[PDB]
file coords.pdb (PDB, N, CA and C atoms)
ATOM      1  N   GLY F  28      -8.316   0.973  23.839
ATOM      2  CA  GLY F  28      -8.035   1.388  22.479
ATOM      3  C   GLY F  28      -6.680   0.909  22.007
ATOM      4  N   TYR F  29      -6.489   0.871  20.690
ATOM      5  CA  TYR F  29      -5.229   0.395  20.132
ATOM      6  C   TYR F  29      -4.062   1.193  20.697
ATOM      7  N   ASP F  30      -3.181   0.502  21.408
ATOM      8  CA  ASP F  30      -1.952   1.098  21.899
ATOM      9  C   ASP F  30      -0.954   1.085  20.750
ATOM     10  N   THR F  31       0.057   1.949  20.843
ATOM     11  CA  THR F  31       1.011   2.139  19.756
ATOM     12  C   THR F  31       1.513   0.792  19.245
ATOM     13  N   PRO F  32       1.101   0.357  18.056
ATOM     14  CA  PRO F  32       1.603  -0.910  17.526
ATOM     15  C   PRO F  32       3.021  -0.763  17.002
ATOM     16  N   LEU F  33       3.687  -1.905  16.858
ATOM     17  CA  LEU F  33       5.095  -1.918  16.498
ATOM     18  C   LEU F  33       5.364  -3.045  15.513
ATOM     19  N   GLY F  34       6.385  -2.843  14.697
ATOM     20  CA  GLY F  34       6.835  -3.894  13.805
ATOM     21  C   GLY F  34       5.744  -4.335  12.850
ATOM     22  N   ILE F  35       5.467  -5.640  12.860
ATOM     23  CA  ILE F  35       4.625  -6.247  11.836
ATOM     24  C   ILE F  35       3.141  -5.997  12.063
ATOM     25  N   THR F  36       2.738  -5.597  13.268
ATOM     26  CA  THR F  36       1.324  -5.383  13.551
ATOM     27  C   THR F  36       0.843  -3.990  13.162
ATOM     28  N   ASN F  37       1.747  -3.096  12.752
ATOM     29  CA  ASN F  37       1.392  -1.737  12.361
ATOM     30  C   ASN F  37       1.302  -1.639  10.846
ATOM     31  N   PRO F  38       0.210  -1.114  10.268
ATOM     32  CA  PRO F  38      -0.988  -0.543  10.902
ATOM     33  C   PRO F  38      -1.893  -1.613  11.496
ATOM     34  N   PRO F  39      -2.808  -1.252  12.393
ATOM     35  CA  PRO F  39      -3.705  -2.260  12.968
ATOM     36  C   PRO F  39      -4.544  -2.919  11.884
ATOM     37  N   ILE F  40      -4.615  -4.249  11.936
ATOM     38  CA  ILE F  40      -5.330  -4.989  10.900
ATOM     39  C   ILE F  40      -6.815  -4.653  10.928
ATOM     40  N   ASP F  41      -7.399  -4.568  12.124
ATOM     41  CA  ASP F  41      -8.837  -4.358  12.231
ATOM     42  C   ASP F  41      -9.275  -3.044  11.600
ATOM     43  N   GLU F  42      -8.392  -2.045  11.541
ATOM     44  CA  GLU F  42      -8.710  -0.830  10.803
ATOM     45  C   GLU F  42      -8.592  -1.035   9.299
ATOM     46  N   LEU F  43      -7.663  -1.885   8.853
ATOM     47  CA  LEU F  43      -7.584  -2.201   7.433
ATOM     48  C   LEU F  43      -8.817  -2.958   6.963
ATOM     49  N   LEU F  44      -9.382  -3.809   7.822
ATOM     50  CA  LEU F  44     -10.488  -4.663   7.400
ATOM     51  C   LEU F  44     -11.682  -3.836   6.938
ATOM     52  N   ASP F  45     -11.933  -2.699   7.589
ATOM     53  CA  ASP F  45     -13.044  -1.852   7.172
ATOM     54  C   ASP F  45     -12.806  -1.233   5.802
ATOM     55  N   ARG F  46     -11.555  -1.152   5.356
ATOM     56  CA  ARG F  46     -11.234  -0.646   4.029
ATOM     57  C   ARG F  46     -11.368  -1.713   2.952
ATOM     58  N   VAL F  47     -11.692  -2.947   3.330
ATOM     59  CA  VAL F  47     -11.917  -4.029   2.381
ATOM     60  C   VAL F  47     -13.170  -4.780   2.812
ATOM     61  N   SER F  48     -13.483  -5.870   2.115
ATOM     62  CA  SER F  48     -14.615  -6.719   2.463
ATOM     63  C   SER F  48     -14.202  -7.914   3.314
ATOM     64  N   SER F  49     -13.112  -8.587   2.945
ATOM     65  CA  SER F  49     -12.645  -9.765   3.661
ATOM     66  C   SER F  49     -11.125  -9.746   3.730
ATOM     67  N   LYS F  50     -10.594 -10.551   4.652
ATOM     68  CA  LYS F  50      -9.150 -10.600   4.872
ATOM     69  C   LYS F  50      -8.414 -10.962   3.585
ATOM     70  N   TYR F  51      -8.973 -11.900   2.822
ATOM     71  CA  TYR F  51      -8.348 -12.345   1.580
ATOM     72  C   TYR F  51      -8.208 -11.185   0.597
ATOM     73  N   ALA F  52      -9.243 -10.347   0.522
ATOM     74  CA  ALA F  52      -9.189  -9.172  -0.335
ATOM     75  C   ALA F  52      -8.028  -8.276   0.061
ATOM     76  N   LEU F  53      -7.828  -8.077   1.368
ATOM     77  CA  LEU F  53      -6.706  -7.263   1.816
ATOM     78  C   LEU F  53      -5.382  -7.881   1.402
ATOM     79  N   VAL F  54      -5.259  -9.205   1.536
ATOM     80  CA  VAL F  54      -4.043  -9.878   1.088
ATOM     81  C   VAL F  54      -3.715  -9.467  -0.338
ATOM     82  N   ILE F  55      -4.637  -9.717  -1.268
ATOM     83  CA  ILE F  55      -4.284  -9.503  -2.671
ATOM     84  C   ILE F  55      -4.135  -8.015  -2.970
ATOM     85  N   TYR F  56      -5.025  -7.191  -2.420
ATOM     86  CA  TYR F  56      -4.913  -5.742  -2.510
ATOM     87  C   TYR F  56      -3.485  -5.289  -2.222
ATOM     88  N   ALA F  57      -3.003  -5.607  -1.019
ATOM     89  CA  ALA F  57      -1.679  -5.167  -0.605
ATOM     90  C   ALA F  57      -0.591  -5.780  -1.476
ATOM     91  N   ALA F  58      -0.738  -7.052  -1.854
ATOM     92  CA  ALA F  58       0.307  -7.695  -2.645
ATOM     93  C   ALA F  58       0.454  -7.041  -4.016
ATOM     94  N   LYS F  59      -0.664  -6.751  -4.682
ATOM     95  CA  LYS F  59      -0.588  -6.095  -5.982
ATOM     96  C   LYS F  59      -0.009  -4.694  -5.856
ATOM     97  N   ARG F  60      -0.435  -3.942  -4.838
ATOM     98  CA  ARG F  60       0.154  -2.620  -4.653
ATOM     99  C   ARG F  60       1.653  -2.724  -4.397
ATOM    100  N   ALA F  61       2.075  -3.750  -3.657
ATOM    101  CA  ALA F  61       3.491  -3.928  -3.365
ATOM    102  C   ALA F  61       4.273  -4.245  -4.628
ATOM    103  N   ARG F  62       3.698  -5.060  -5.511
ATOM    104  CA  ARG F  62       4.349  -5.305  -6.791
ATOM    105  C   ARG F  62       4.511  -4.007  -7.567
ATOM    106  N   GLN F  63       3.487  -3.153  -7.547
ATOM    107  CA  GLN F  63       3.606  -1.853  -8.208
ATOM    108  C   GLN F  63       4.746  -1.026  -7.614
ATOM    109  N   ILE F  64       4.824  -0.961  -6.280
ATOM    110  CA  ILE F  64       5.847  -0.142  -5.624
ATOM    111  C   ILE F  64       7.239  -0.667  -5.948
ATOM    112  N   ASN F  65       7.439  -1.976  -5.764
ATOM    113  CA  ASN F  65       8.740  -2.569  -6.043
ATOM    114  C   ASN F  65       9.109  -2.319  -7.491
ATOM    115  N   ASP F  66       8.120  -2.330  -8.383
ATOM    116  CA  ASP F  66       8.417  -2.146  -9.793
ATOM    117  C   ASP F  66       8.845  -0.709 -10.074
ATOM    118  N   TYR F  67       8.176   0.263  -9.448
ATOM    119  CA  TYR F  67       8.619   1.650  -9.565
ATOM    120  C   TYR F  67      10.067   1.789  -9.120
ATOM    121  N   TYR F  68      10.370   1.318  -7.907
ATOM    122  CA  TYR F  68      11.739   1.422  -7.404
ATOM    123  C   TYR F  68      12.722   0.734  -8.341
ATOM    124  N   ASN F  69      12.380  -0.474  -8.781
ATOM    125  CA  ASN F  69      13.300  -1.290  -9.563
ATOM    126  C   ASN F  69      13.623  -0.637 -10.900
ATOM    127  N   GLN F  70      12.614  -0.075 -11.563
ATOM    128  CA  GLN F  70      12.777   0.526 -12.883
ATOM    129  C   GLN F  70      12.489   2.023 -12.850
ATOM    130  N   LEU F  71      12.854   2.690 -11.753
ATOM    131  CA  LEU F  71      12.660   4.135 -11.671
ATOM    132  C   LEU F  71      13.599   4.875 -12.615
ATOM    133  N   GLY F  72      14.825   4.378 -12.778
ATOM    134  CA  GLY F  72      15.793   5.081 -13.603
ATOM    135  C   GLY F  72      15.329   5.267 -15.034
ATOM    136  N   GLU F  73      14.625   4.278 -15.579
ATOM    137  CA  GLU F  73      14.118   4.336 -16.944
ATOM    138  C   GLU F  73      12.704   4.911 -16.963
ATOM    139  N   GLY F  74      11.996   4.747 -18.078
ATOM    140  CA  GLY F  74      10.695   5.359 -18.278
ATOM    141  C   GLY F  74       9.558   4.642 -17.580
ATOM    142  N   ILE F  75       9.420   4.882 -16.273
ATOM    143  CA  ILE F  75       8.349   4.276 -15.491
ATOM    144  C   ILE F  75       7.019   4.358 -16.235
ATOM    145  N   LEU F  76       6.283   3.247 -16.218
ATOM    146  CA  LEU F  76       4.946   3.153 -16.795
ATOM    147  C   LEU F  76       3.955   3.650 -15.745
ATOM    148  N   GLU F  77       2.690   3.243 -15.849
ATOM    149  CA  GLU F  77       1.611   3.676 -14.969
ATOM    150  C   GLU F  77       1.839   3.339 -13.492
ATOM    151  N   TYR F  78       2.980   2.748 -13.138
ATOM    152  CA  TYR F  78       3.269   2.449 -11.738
ATOM    153  C   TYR F  78       3.456   3.748 -10.968
ATOM    154  N   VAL F  79       2.602   3.976  -9.974
ATOM    155  CA  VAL F  79       2.740   5.140  -9.091
ATOM    156  C   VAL F  79       3.440   4.627  -7.830
ATOM    157  N   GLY F  80       4.765   4.698  -7.849
ATOM    158  CA  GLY F  80       5.532   4.408  -6.662
ATOM    159  C   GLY F  80       5.115   5.313  -5.526
ATOM    160  N   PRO F  81       5.778   5.179  -4.375
ATOM    161  CA  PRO F  81       5.097   5.410  -3.093
ATOM    162  C   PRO F  81       4.219   6.644  -3.031
ATOM    163  N   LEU F  82       3.194   6.555  -2.189
ATOM    164  CA  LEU F  82       2.152   7.566  -2.101
ATOM    165  C   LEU F  82       2.112   8.137  -0.692
ATOM    166  N   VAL F  83       2.472   7.316   0.288
ATOM    167  CA  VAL F  83       2.652   7.745   1.668
ATOM    168  C   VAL F  83       4.149   7.827   1.927
ATOM    169  N   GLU F  84       4.553   8.718   2.840
ATOM    170  CA  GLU F  84       5.973   8.976   3.062
ATOM    171  C   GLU F  84       6.722   7.662   3.272
ATOM    172  N   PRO F  85       7.533   7.223   2.313
ATOM    173  CA  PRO F  85       8.210   5.934   2.477
ATOM    174  C   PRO F  85       9.253   6.003   3.575
ATOM    175  N   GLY F  86       9.436   4.880   4.260
ATOM    176  CA  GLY F  86      10.537   4.770   5.190
ATOM    177  C   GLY F  86      11.868   4.783   4.464
ATOM    178  N   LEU F  87      12.941   4.914   5.246
ATOM    179  CA  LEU F  87      14.275   4.996   4.658
ATOM    180  C   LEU F  87      14.529   3.825   3.719
ATOM    181  N   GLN F  88      14.250   2.613   4.183
ATOM    182  CA  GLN F  88      14.295   1.411   3.363
ATOM    183  C   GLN F  88      13.092   0.533   3.669
ATOM    184  N   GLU F  89      11.925   1.159   3.794
ATOM    185  CA  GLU F  89      10.699   0.431   4.086
ATOM    186  C   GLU F  89      10.470  -0.654   3.046
ATOM    187  N   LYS F  90      10.152  -1.853   3.517
ATOM    188  CA  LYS F  90       9.860  -2.935   2.598
ATOM    189  C   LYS F  90       8.613  -2.580   1.787
ATOM    190  N   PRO F  91       8.571  -2.919   0.482
ATOM    191  CA  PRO F  91       7.450  -2.486  -0.370
ATOM    192  C   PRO F  91       6.072  -2.707   0.238
ATOM    193  N   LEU F  92       5.822  -3.938   0.683
ATOM    194  CA  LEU F  92       4.502  -4.288   1.193
ATOM    195  C   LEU F  92       4.097  -3.401   2.360
ATOM    196  N   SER F  93       5.055  -2.981   3.186
ATOM    197  CA  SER F  93       4.716  -2.121   4.314
ATOM    198  C   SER F  93       4.215  -0.761   3.839
ATOM    199  N   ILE F  94       4.898  -0.166   2.854
ATOM    200  CA  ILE F  94       4.402   1.070   2.255
ATOM    201  C   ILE F  94       2.994   0.853   1.727
ATOM    202  N   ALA F  95       2.779  -0.272   1.042
ATOM    203  CA  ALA F  95       1.466  -0.528   0.468
ATOM    204  C   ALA F  95       0.393  -0.555   1.548
ATOM    205  N   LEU F  96       0.599  -1.367   2.592
ATOM    206  CA  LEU F  96      -0.394  -1.486   3.655
ATOM    207  C   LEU F  96      -0.667  -0.143   4.315
ATOM    208  N   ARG F  97       0.370   0.667   4.528
ATOM    209  CA  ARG F  97       0.136   1.988   5.101
ATOM    210  C   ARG F  97      -0.719   2.845   4.168
ATOM    211  N   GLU F  98      -0.432   2.796   2.864
ATOM    212  CA  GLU F  98      -1.256   3.517   1.899
ATOM    213  C   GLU F  98      -2.713   3.095   2.013
ATOM    214  N   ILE F  99      -2.960   1.785   2.085
ATOM    215  CA  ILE F  99      -4.338   1.321   2.238
ATOM    216  C   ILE F  99      -4.934   1.879   3.517
ATOM    217  N   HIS F 100      -4.133   1.978   4.579
ATOM    218  CA  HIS F 100      -4.661   2.539   5.818
ATOM    219  C   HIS F 100      -5.137   3.969   5.627
ATOM    220  N   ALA F 101      -4.391   4.783   4.882
ATOM    221  CA  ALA F 101      -4.740   6.190   4.724
ATOM    222  C   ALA F 101      -5.773   6.442   3.624
ATOM    223  N   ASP F 102      -6.470   5.406   3.157
ATOM    224  CA  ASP F 102      -7.440   5.528   2.066
ATOM    225  C   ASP F 102      -6.834   6.276   0.879
ATOM    226  N   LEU F 103      -5.777   5.682   0.326
ATOM    227  CA  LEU F 103      -5.066   6.234  -0.820
ATOM    228  C   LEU F 103      -5.132   5.307  -2.030
ATOM    229  N   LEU F 104      -6.084   4.377  -2.050
ATOM    230  CA  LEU F 104      -6.144   3.370  -3.097
ATOM    231  C   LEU F 104      -7.590   2.934  -3.293
ATOM    232  N   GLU F 105      -7.836   2.263  -4.418
ATOM    233  CA  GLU F 105      -9.152   1.738  -4.752
ATOM    234  C   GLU F 105      -8.969   0.382  -5.423
ATOM    235  N   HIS F 106     -10.008  -0.451  -5.353
ATOM    236  CA  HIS F 106      -9.935  -1.814  -5.863
ATOM    237  C   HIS F 106     -11.239  -2.203  -6.547
ATOM    238  N   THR F 107     -11.127  -3.123  -7.507
ATOM    239  CA  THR F 107     -12.264  -3.678  -8.238
ATOM    240  C   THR F 107     -12.202  -5.196  -8.125
ATOM    241  N   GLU F 108     -13.189  -5.788  -7.458
ATOM    242  CA  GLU F 108     -13.153  -7.212  -7.166
ATOM    243  C   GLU F 108     -13.264  -8.040  -8.443
ATOM    244  N   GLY F 109     -12.846  -9.298  -8.339
ATOM    245  CA  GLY F 109     -12.889 -10.218  -9.461
ATOM    246  C   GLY F 109     -14.300 -10.502  -9.939
TER     247      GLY F 109
ATOM    248  N   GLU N1276      -7.736   8.725  -8.178
ATOM    249  CA  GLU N1276      -7.432   9.895  -8.998
ATOM    250  C   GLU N1276      -6.926  11.054  -8.146
ATOM    251  N   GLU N1277      -7.528  11.267  -6.974
ATOM    252  CA  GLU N1277      -7.115  12.383  -6.127
ATOM    253  C   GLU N1277      -5.665  12.227  -5.687
ATOM    254  N   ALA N1278      -5.327  11.073  -5.111
ATOM    255  CA  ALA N1278      -3.951  10.835  -4.693
ATOM    256  C   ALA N1278      -3.011  10.760  -5.887
ATOM    257  N   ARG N1279      -3.475  10.211  -7.012
ATOM    258  CA  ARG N1279      -2.634  10.156  -8.204
ATOM    259  C   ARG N1279      -2.232  11.554  -8.648
ATOM    260  N   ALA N1280      -3.186  12.486  -8.665
ATOM    261  CA  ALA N1280      -2.854  13.871  -8.969
ATOM    262  C   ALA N1280      -1.977  14.481  -7.884
ATOM    263  N   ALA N1281      -2.195  14.099  -6.625
ATOM    264  CA  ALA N1281      -1.407  14.635  -5.523
ATOM    265  C   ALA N1281       0.035  14.144  -5.525
ATOM    266  N   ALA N1282       0.368  13.147  -6.339
ATOM    267  CA  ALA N1282       1.729  12.625  -6.392
ATOM    268  C   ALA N1282       2.704  13.708  -6.841
TER     269      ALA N1282
END
call {"tool": "encode", "arguments": {"input": "coords.pdb", "output": "structure tokens"}}
result
Amino acid sequence: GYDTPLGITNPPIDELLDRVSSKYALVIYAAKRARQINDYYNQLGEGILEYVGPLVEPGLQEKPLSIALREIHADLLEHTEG
Amino acid sequence: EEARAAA
């Protein structure tokens, strides 16, 4: 079974794959969510729009994309394919 | 929607 992953391999990719259809879908999924997160942080001081900044407990200075991928792991997001 | 409300 998956032993405690570390660094860039966490969360396990194979568990993310079941939350999407193909690897490419996960790429864009996570990238768009990361743009949303970075945008919340960047313009949090002013009147944030529909951007829902972090949803899973953010790390102290967790990189945006990492928060996004973890959110996808916890089934905290939804997507509509092209 | 569920997580959005949970924010």
call {"tool": "resolve_selection", "arguments": {"input": "coords.pdb", "expression": "the PyMOL selection byres ((chain F) within 8 of (chain N))", "output": "count of residues only"}}
result
7
call {"tool": "closest_residue", "arguments": {"input": "coords.pdb", "among": "F:57, F:71, F:47, F:76", "to": "residue 91 of chain F", "atoms": "all atoms listed in the file"}}
result
F:57
call {"tool": "axis_aligned_box", "arguments": {"input": "coords.pdb", "around": "chain N", "padding_each_side": "6 Å", "output": "JSON"}}
result
{"center_x": -2.5, "center_y": 11.7, "center_z": -6.8, "size_x": 22.4, "size_y": 17.9, "size_z": 16.3}
call {"tool": "atom_distance", "arguments": {"input": "coords.pdb", "atom1": "atom C of residue 54 of chain F", "atom2": "atom CA of residue 96 of chain F"}}
result
9.5 Å
call {"tool": "resolve_selection", "arguments": {"input": "coords.pdb", "expression": "the PyMOL selection byres (((chain F and resi 43 and name CA) around 10) and name CA)", "output": "PyMOL selection string"}}
result
chain F and resi 38-42+44-50+53+96-97+99-102
call {"tool": "atom_distance", "arguments": {"input": "coords.pdb", "atom1": "atom C of residue 34 of chain F", "atom2": "atom N of residue 85 of chain F"}}
result
15.7 Å
call {"tool": "residues_around", "arguments": {"input": "coords.pdb", "residues": "residue 58 of chain F", "least_positions_apart": "4", "cutoff": "8 Å", "atoms": "only C-alpha atoms", "output": "list in words"}}
result
residues 54, 62, 92 and 95 of chain F
call {"tool": "select_by_dssp", "arguments": {"input": "coords.pdb", "residues": "chain N", "states": "helix (DSSP H, G or I)", "output": "list in words"}}
result
residues 1277, 1278, 1279, 1280 and 1281 of chain N
call {"tool": "atom_distance", "arguments": {"input": "coords.pdb", "atom1": "atom CA of residue 51 of chain F", "atom2": "atom C of residue 64 of chain F"}}
result
20.9 Å
call {"tool": "closest_residue", "arguments": {"input": "coords.pdb", "among": "F:84, F:77, F:66, F:31", "to": "residue 98 of chain F", "atoms": "all atoms listed in the file"}}
result
F:84
